[PDB]
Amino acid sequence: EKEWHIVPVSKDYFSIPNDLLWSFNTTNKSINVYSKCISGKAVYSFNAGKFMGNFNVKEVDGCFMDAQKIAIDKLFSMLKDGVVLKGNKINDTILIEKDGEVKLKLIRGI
């Protein structure tokens, strides 16, 4: 099992909250997200660098600023529509790419 947090690259994501943690279990192929005010378990596909997933999200009312909510909504919508994941052979950082730009990066660890 590996975990990552997001560092936003695109401005649509500058208000994303910092405590979202993304987990991937290699044994059982499970992908979850966890945080104080959000959780989700992914139904997903990942083929040829293309990731698409539905996280079945739960969100705590009133916990987020309007700006955070919009960023969070956009994030899950984008992950549903599909993104390209770019890993590397140096470390476990992964770029999330869509529509010609890097949208965010996944950095290993809490």
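We number the residues from 1 along the sequence you see.
The mean C-alpha temperature factor is higher for 23-31 when 23-31 and 81-89 are set side by side. When the C-alpha B-factors of 72-80 and 42-50 are averaged, 42-50 comes out higher. Compared with the other modelled residues of the chain, the Cα B-factor recorded for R108 ranks in the middle third. The deposited CA B-factor of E97 belongs to the lowest third of values across its chain.
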